[PDB]
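Before any comments, here is the structure.
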Amino acid sequence: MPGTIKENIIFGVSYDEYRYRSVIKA
Numbered sequence: 001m002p003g004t005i006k007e008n009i010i011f012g013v014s015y016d017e018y019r020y021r022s023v024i025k026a
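So that you can map any letter, position 17 of the sequence shown is 17 in the deposited numbering, and since no number is skipped, the others follow by simple counting.
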């Protein structure tokens, strides 16, 4: 399935959520 890029469009919605709670952790 040619969805490699489609992931970069969701993978960010997840990472941005994993790297956002860390920097703002407490």
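Idealized CB from N, CA, C, for every residue including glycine.
Practice task
Please report how far the alpha carbon of residue 22 lies from the alpha carbon of residue 6, in whole angstroms.
Solution key: Position 22 of the sequence shown holds residue 22. Position 6 of the sequence shown holds residue 6. Roughly 25 Å separates the two Cα atoms.
Handout entry: residue 19 versus residue 11 - alpha carbon distance
Key = Counting from one through the sequence shown, the residue named residue 19 turns up at place 19. Counting from one through the sequence shown, the residue named residue 11 turns up at place 11. Answer to the nearest angstrom: the Cα atoms are 12 Å apart.
Problem - Where residue 5 falls: helix, strand or coil (DSSP) - result: Counted from its first residue, the sequence shown places residue 5 at position 5. Of the three classes helix, strand and coil, the one that applies to residue 5 here is helix, per DSSP.
Exercise for the section: Can you give me the start and stop residues for the alpha helix (DSSP H) that residue 21 sits inside? Expected result: Here the question's residue 21 lines up with position 21 in the sequence shown. Segment 20-23, the alpha helix (DSSP H) holding residue 21.
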